[PDB]
Amino acid sequence: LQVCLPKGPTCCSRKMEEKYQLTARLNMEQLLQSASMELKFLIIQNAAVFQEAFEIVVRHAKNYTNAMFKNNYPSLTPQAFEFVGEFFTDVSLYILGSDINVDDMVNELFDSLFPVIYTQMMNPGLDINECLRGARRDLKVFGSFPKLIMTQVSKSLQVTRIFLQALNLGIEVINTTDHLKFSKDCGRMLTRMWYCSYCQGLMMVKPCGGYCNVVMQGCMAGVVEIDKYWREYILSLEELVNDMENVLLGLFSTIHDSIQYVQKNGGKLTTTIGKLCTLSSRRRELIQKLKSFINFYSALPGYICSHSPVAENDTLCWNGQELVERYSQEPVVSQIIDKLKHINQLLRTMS
Amino acid sequence: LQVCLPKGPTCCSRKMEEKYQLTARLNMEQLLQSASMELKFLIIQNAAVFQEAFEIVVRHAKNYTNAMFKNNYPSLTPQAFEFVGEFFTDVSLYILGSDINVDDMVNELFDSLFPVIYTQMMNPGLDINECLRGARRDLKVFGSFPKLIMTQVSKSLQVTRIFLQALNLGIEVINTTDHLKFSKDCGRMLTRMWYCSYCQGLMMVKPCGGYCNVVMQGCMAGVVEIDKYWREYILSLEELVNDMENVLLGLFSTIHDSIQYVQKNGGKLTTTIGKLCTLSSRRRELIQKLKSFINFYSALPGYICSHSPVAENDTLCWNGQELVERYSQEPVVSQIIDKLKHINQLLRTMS
Amino acid sequence: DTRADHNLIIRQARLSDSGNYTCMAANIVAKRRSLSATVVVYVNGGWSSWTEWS
Amino acid sequence: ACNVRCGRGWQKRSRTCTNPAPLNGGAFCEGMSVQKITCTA
Ligand SMILES: *[C@@H]1O[C@H](CO)[C@@H](O)[C@H](O)[C@H]1NC(C)=O
Ligand SMILES: *[C@@H]1O[C@H](CO)[C@@H](O)[C@H](O)[C@H]1NC(C)=O
Ligand SMILES: *[C@@H]1O[C@H](CO)[C@@H](O)[C@H](O)[C@H]1NC(C)=O
């Protein structure tokens, strides 16, 4: 035998030892999955809900902008629907992490908005379109409104994007926890602690609490080091929640006021151009539920021993090799810590 | 300052400190070259001498084979001179380390020898040449003679080739010693030991013997580890010297007997083919002189301190920072050790 | 170093010289040996700086 | 489970983008994240 230390005879061969080793691996993985399932499902639920809620907010804001265009500026439709749809499509694509430039969103929005304003509201009566698009920025017809919207929406969209990516990376690392492959020596120690008692002919004897403690603190020396970074992740997420609904919903008022502002100087503009051419509640409940799992990595070996059959009294128990009266007494982890450091820096820089 | 620990005032700036550092580098390299020069020249001389001696032996053996062809088989000349010259040219090319196949040398020798024997000795009277070359090996006309010569010459030529390769690699590592770049910390320690006394205004004060010992054992911790492998190299070379002149010089007798053997079955062969178509003294003196340098790597820091200006009494000396009454108290190296291990295994497998 | 996707990476041919490297898969069923790869580390010839004229 | 006890019901299946989760501007998962089918109880 290569795992079961043979003190007397033995009721099991080498192949039965391999079977016990595979069952030990699977039992450890199942225990880790059972430990991590509640937190995994919490973060998965919240990620899905926040994603759908942000999409609902973006759709409602696009709808509100379209409705106020229909109501206040019917002369700008249906072209208004095209650029509003493109703007909010790029909004959602940015929220979901795609490479979108916010300044470019706002600038293309006003570039498309100005020519229809000039042709339908100021000078009623397609080839000259690009001259108007250039004059929009060259004459600063919209004043400070484009930069106001630019900062207003970039500030909220960046924090929302990083919030979603933080939730997804938490899901990723919690998924990594239950798939942690361990050393061969730990495989043999778990086989001895859980099954090698059966090879000596014992039926209901459980391993000693202290033996479970030494084994678990033996193979979880690396996993426990993640606890500092996981705690910093929780606290940085709390730092970030303490924003995007109000901005996207006031966008219509800001655009209407910008259109008024441009119409205010129509006299000079027409002549010059004619010559020239419950969310906050949810994230609060999420942070308050996430703080209940701040001890997850530090309490993990305690969980494995308290949910495995063990003799807590350390009396008449299995010590890995014999029945005693009293007990005597990185690469994947590195990737988890790397991603936690990255997301923690990204969190801390926002707030 | 970043090297000279300023205890009082100082007579030197940062640029003078850099000048002292570069002079320290040059002094260390010059001391290593002076330490390694005798051994380097010894191995270079012996490599050159053995190369010339082996070339002389090969030329004399080719001359002897050509002379015995002129005398015993005039009907095979001048074609005999062509294949003998090609054979001994490939011999020398193999001795000097070129990728030459010994079995291919012997096989091409007999392949070229058989057709001229058939055309001039057996059946007197260019396109049918290849049929004879094929029949040479298909009918095994030369019997066991080709394999006898093959083993006879491969055994000696491999030991001679590895002897020359060992000499060249010894030259390589001894050349590397005096080009060994050291750590920056050692650069600063050597600058303090040799020159930083001048920054404090001292003119003739020498560093303490014990301070030189600690500095040298500080930066030669890696170089000293080569000593085991260098000793094993010397002893394995001694194992190898304890061979090629007699073989290459008896080649003519072996070939003559093989030609007699082929002529012995001429009756059947012609019909079948018509239908079908002071050296040992030198290596001993070299090993006895090389054993005087077996302590080269272990005595090297002792050499650097005994040839650098030091206060051996350890009284009124420089300790790297002040004048005291009494003293208080690598990638390239890895390559050297790798090549020494390789050549030592190759040596030991040969003998 | 051993990779999660079963790959043997050698950075320098110094600390791990030539040999017949063989991959072997172990399972609860049995073991299987792959075809051994002959990895040989070669050193290219490098001349010398000229000496002085005799 | 079908939300409606009698008649047209709903059944949902979630598919998250977390194995692995996009980092430092990695391309997000391509296609749909939720699956819904009509059920009759
Ligand atoms: C906004 O959306 C609703 C449907 O949700 C639609 O009935 C309404 O007409 C839209 N408002 C416009 C186009 O003014
Ligand atoms: C490696 O393999 C070759 C042929 O595949 C064989 O001749 C050699 O003796 C083998 N042994 C080693 C590298 O130990
Ligand atoms: C010694 O090293 C120097 C570095 O330039 C090199 O150029 C010279 O050829 C060497 N001697 C040898 C290779 O034996």
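Remarks
- Under the condition of being in a loop (DSSP other than H, G, I, E, B) and either more than 16 Å from ligand 2 (Cβ to nearest atom) or surrounded by 10 or more Cβ atoms within 10 Å (Cβ to Cβ) (or both), the residues counted in segment C:1-39 number 24.
For every residue, the table says whether it meets (1) under 20 Å from A:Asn168 (Cβ atoms); (2) more than 16 Å from ligand 1 (Cβ to nearest atom); (3) more than 14 Å from chain C (Cβ to nearest Cβ).
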site: A:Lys19; (1), (2), (3): no, yes, no
site: A:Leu26; (1), (2), (3): no, yes, no
site: A:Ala53; (1), (2), (3): yes, yes, yes
site: A:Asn66; (1), (2), (3): no, no, yes
site: A:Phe69; (1), (2), (3): no, no, yes
site: A:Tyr73; (1), (2), (3): no, no, yes
site: A:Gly85; (1), (2), (3): no, no, yes
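- Among (1) farther than 30 Å from B:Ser292 by Cα; (2) outside any loop (DSSP other than H, G, I, E, B), the one test that B:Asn27 misses: (1)
- Flag if C:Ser54 is closer than 20 Å to B:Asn168 by Cβ, in a loop (DSSP other than H, G, I, E, B) and not aliphatic (A, V, I, L, M): no
- The single condition among (1) hydrophobic (A, V, I, L, M, F, W, C); (2) assigned to a helix (DSSP H, G or I); (3) more than 16 Å from ligand 3 (Cβ to nearest atom); (4) surrounded by fewer than 19 Cβ atoms within 10 Å (Cβ to Cβ) that B:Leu132 does not meet is (4).
- In the condition set (1) within 30 Å of A:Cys186 (Cα to Cα); (2) within 27 Å of the chain's Cα centre (by Cα); (3) more than 14 Å from chain D (Cβ to nearest Cβ); (4) not aromatic (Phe, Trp, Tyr), A:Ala311 is compliant with all but (2).
- Test for A:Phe41: is it more than 14 Å from chain D (Cβ to nearest Cβ) and either within 16 Å of ligand 1 (Cβ to nearest atom) or farther than 30 Å from A:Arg133 by Cβ (or both): no
- The one condition from (1) out of contact with any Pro (no Cβ under 6 Å at 6 or more places or on another chain); (2) in a helix (DSSP H, G or I); (3) more than 30 Å from B:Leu240 (Cα to Cα) that B:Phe110 does not meet is (1).
- Residues within segment A:183-205 that are surrounded by 18 or more Cβ atoms within 10 Å (Cβ to Cβ), touching a helix residue (DSSP H, G or I) at 6+ places or on another chain (Cβ under 8 Å) and of a type outside the set (A, V, I, L, M), tallied: 8
- Scanning segment A:306-322 for residues that are under 12 Å from A:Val205 (Cα atoms) and surrounded by fewer than 13 Cβ atoms within 10 Å (Cβ to Cβ) yields A:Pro309, A:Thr315, A:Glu322.
- In segment B:261-274 there is no residue that is out of contact with any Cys (no Cβ under 9 Å at 6 or more places or on another chain), within 30 Å of B:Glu312 (Cα to Cα) and assigned to a helix (DSSP H, G or I).
Because the Cβ atoms are built from the backbone with ideal geometry, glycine has one as well, and the counts that use them run over all protein chains shown. Since every read-out is calculated from the coordinates, none of them should be taken as a lab result.
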